[PDB]
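Enquirer: this is the structure alone, sequence omitted:
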RNA sequence: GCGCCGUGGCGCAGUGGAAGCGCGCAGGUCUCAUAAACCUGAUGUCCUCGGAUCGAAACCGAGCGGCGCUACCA
Ligand SMILES: [Mg+2]
């Protein structure tokens, strides 16, 4: 048995200019990370960067203010659920 | 200061005040929340009535008043067309709250 | 047969708060 | 050790477990955010004021230590539309029952019925209906429900199945319930001489039905653990316990004693003659409706190569239909059934995702 | 009940004097402006309570919550 709802944290990270960054915390480690990053890069105008945390956690970077759009994209391309998302900041 | 100080902002002068009188509804003119701020002057803005619409920026505010996401806005709907509509007046956050308190706009969306 | 019961219903009701 | 096995059937949250708590004191532990999930268990002593629950008459009238009539045991089932498969299972141990209807909700509620007809089907004919939550109703409401009850209890097999309204929350009127259950749910004779045979429904536990076990006998469990085959497990009765008190022997009525593995297994005399079938001959009949859900859609006749839950004894097994005659179908099973006698069984189908009781019959060898 | 996390906010780590990292919010500084880049934070002593010992969040207990073991213990 596996938990259906895990806390995925889409945070506000301050990027160059008045612009921001979609940073994802608490990523499910089941699918290939690099592949997902590549997919994300392809779909938007973003660059994918992964910051590694020991034992559990990987910070996934996507340059820009999308949030909802990103979530929609994730929903469209299988690998991540609908309920797992949380917007953090404002 | 308006946006970013600048060498090239002192040749303008803005006059409206934070303590300005709030504008009410007219005929062929109603209130919209902004769905998503689009490019090239276009903007996707869901009306408080119950129609999706496509909003468009018409002059005036095109450089003077900058706008963001999820804002209460005066839209004069096209009388001949319907799908394309135009933004007339941006409402302040305080202004929006006052409107909400009044109950002039339907209570469905948050600031 | 209701009498027995109707009785029972009586006796509980008379035990309320 | 307890004489008899009384079951407490009924819809969900009508308070079955709560009534068990006003009668014994015991809770089924709970499940603590939900509700009863395993069969709950509890015992109690019934004495009477000639001149009760504890050797004490000075509660009403006066002192003369009430005379002990018997010690009984209950089996708290759950109430949830889906725990159907266990409650079925549980009935196999009952010697009688008490239908807890809720006084403040629409009389024939899905599970209330599902249960009731299960009862009239398996054979549990010694029934007492009970009107529970009358501590939260209008003195009119509880009588009109008594009407709908007195009217349901008509065409059906339920002549004078009395109906004792209670308050499981403030333990009111329970003593007339003890008088009902002291009249109508009589304690069946059981020839001991018979083959020592018993059903299992927990293990960390089960009920005897025919025969009697004694400390230090040699015993086996069927079908037992599997390989795909299924072999019997032998051991020696290390010990015998009812409730919290130890006994040297054990006889029908009651429950005796990792996770609950040998669930649906049975225990008999070592070196005893019992079939561990893979394929079985059921004779059988159907309901005309599917009484249980919260819709009454009419029962479709059995098509072969269909998967059906065969509830036999305490066990709950799944199986596929190889033969379809008038009232004799032949079934192929995943997990073997040890058929101790001739027997009773209960047959279900996955109607809309959740399984549903649809018909019955008799095992045949 | 056991084990770790017990915060100064989240998310990561370390046990006997030393305010531990990454992010976030709150605020500053630098630049004409924002961001990066920088510092300072907040219940003052890193569960609740007190003690052995000057002391300490760390040593010890009674008392709570999340999961790594259990399976409902008559
Ligand atoms: Mg000027």
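Expert: Thanks, I have it. Numbers count the residues shown, from 1 in each chain, chains lettered A, B, ... in the order given.
Enquirer: in this structure residue D:137 contacts residue D:131, no?
Expert: No. Distance between residue D:137 and residue D:131: 9.3 Å, which falls outside the contact criterion (C-beta atoms under 8 Å). C-betas here are computed from N, CA, C, even on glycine.
Enquirer: any common contacting residues for these two?
Expert: A shared contact of residue D:137 and residue D:131, defined by C-beta atoms under 8 Å, 6 or more residues apart in numbering or on different chains, is any residue touching both; here these are residue D:103.
Enquirer: which of the two has more residues huddled nearby?
Expert: Neighbours of residue D:137 and residue D:131, each counted by other C-beta atoms under 10 Å in any protein chain shown, are more numerous for residue D:131; the result is 27 against 18.
Enquirer: need the contact list for residue D:9.
Expert: D:16, D:77, D:87, D:97-100, D:115-116, D:118-119.
Enquirer: OK, contacts around the spatially most central residue of chain A?
Expert: Ranked by distance to the mean C-alpha position of chain A (C-alpha atoms, centre = their mean), the top residue is residue A:24 at 3.7 Å. The neighbourhood of residue A:24, defined by C-beta under 8 Å, 6+ apart, consists of A:8-11, A:59-62.
Enquirer: what does residue D:211 give?
Expert: Applying C-beta under 8 Å, 6+ apart, we find residue D:211 in contact with D:192, D:194-198, D:252, D:269.
Enquirer: and with 6 Å instead?
Expert: Contacts were defined as C-beta atoms under 6 Å, 6 or more residues apart in numbering or on different chains; by that measure residue D:211 touches D:194-197.
Enquirer: now do the SS call for the residue nearest to residue D:159 when sequence neighbours are not counted.
Expert: When the adjacent residues along the chain are set aside, residue D:159 lies closest to residue D:153, with 7.7 Å between them (C-beta to C-beta, 6 or more residues apart in numbering or on different chains). Taking DSSP: H, G, I helix; E, B strand; the rest coil as the rule, one finds residue D:153 in the helix state.
Enquirer: same check, this time on residue D:62
Expert: If you use three-state DSSP, then residue D:62 falls in the coil class.
Enquirer: and the closest residue to it other than its chain neighbours, how far from RNA strand E?
Expert: Nearest residue to residue D:62 in three dimensions, chain neighbours excluded: residue D:51, at 6.4 Å (C-beta to C-beta, 6+ apart). From residue D:51 across to RNA strand E, the span is 31 Å (C-beta to the nearest atom of the strand, to the nearest Å).
Enquirer: if I look at residue D:51, how far off is residue D:177?
Expert: Distance check for residue D:51 against residue D:177: by C-beta to C-beta, to the nearest Å, it reads 21 Å.
Enquirer: next one: residue D:140
Expert: Counting by C-beta to C-beta, the separation of residue D:140 from residue D:177 is 23 Å.
Enquirer: residue numbers of chain C in contact with chain D?
Expert: C:5, C:8-9, C:12-13, C:15 (C-beta under 6 Å from any C-beta of the partner chain).
Enquirer: give me the neighbour count for whichever residue of chain B sits closest to chain D.
Expert: Going by C-beta to the nearest C-beta, chain D is nearest to residue B:110 of chain B, at 32.4 Å. Using other C-beta under 10 Å as the criterion, residue B:110 is surrounded by 8 other residues.
Enquirer: where does it land in three-state SS?
Expert: Secondary structure for residue B:110, judged by three-state DSSP, is coil.
Enquirer: and the residue of the stretch 51-200 of chain D found nearest RNA strand E, what element?
Expert: Closest contact between the stretch 51-200 of chain D and RNA strand E, by C-beta to the nearest atom of the strand, is at residue D:73 (9.1 Å). Assigned by DSSP states H and E, residue D:73 falls within strand D:67-76.
Enquirer: surely the residue nearest to residue D:62 meets residue D:65?
Expert: No. Under the criterion of C-beta atoms under 6 Å, residue D:51 lies out of contact with residue D:65, with a separation of 9.1 Å.
Enquirer: do a quick rundown of the helices in chain C.
Expert: C:3-13 (DSSP state H).
Enquirer: chain B against RNA strand E: which residues are in contact?
Expert: When proximity is defined as C-beta under 7 Å from any atom of the strand, chain B approaches RNA strand E at B:3-7.
Enquirer: who wins for neighbours among those residues?
Expert: Top of the residues of chain B next to RNA strand E by neighbour count (other C-beta under 10 Å): residue B:6, with 11 neighbours.
Enquirer: so that residue is in which element?
Expert: Using DSSP H and E, residue B:6 sits in no helix or strand.
Enquirer: how far away is it from chain C?
Expert: Using C-beta to the nearest C-beta, to the nearest Å, we find residue B:6 at a distance of 78 Å from chain C.
Enquirer: now swap in residue D:173 and tell me
Expert: The gap separating residue D:173 from chain C is 4 Å, by C-beta to the nearest C-beta.
Enquirer: distance of that residue from residue D:142?
Expert: Per C-beta to C-beta, residue D:173 is found 12 Å from residue D:142.
Enquirer: check residue A:43 too.
Expert: Distance from residue A:43 to residue D:142, counting by C-beta to C-beta: 64 Å.
Enquirer: who has more neighbours out of the two?
Expert: Residue environment comparison for residue A:43 versus residue D:142 gives the larger neighbour count to residue D:142, 21 against 16, counting by other C-beta under 10 Å.
Enquirer: got a list of what the residue in chain C that chain D sits nearest to touches?
Expert: Among the residues of chain C, residue C:12 lies closest to chain D, at 4.3 Å counting by C-beta to the nearest C-beta. The neighbourhood of residue C:12, defined by C-beta under 6 Å, 6+ apart, consists of D:165, D:172-173.
Enquirer: which of the residues you listed tops the neighbour count?
Expert: residue D:165 (29 neighbours).
Enquirer: so it sits against residue D:131, correct?
Expert: Yes. Applying C-beta under 6 Å as the test, residue D:165 and residue D:131 come out as touching, 3.6 Å apart.
Enquirer: what residues does the stretch 1-150 of chain D put near RNA strand E?
Expert: Among all residues of the stretch 1-150 of chain D, those adjacent to RNA strand E (criterion: C-beta under 7 Å from any atom of the strand) are D:28-29, D:31, D:37-38, D:41, D:43.
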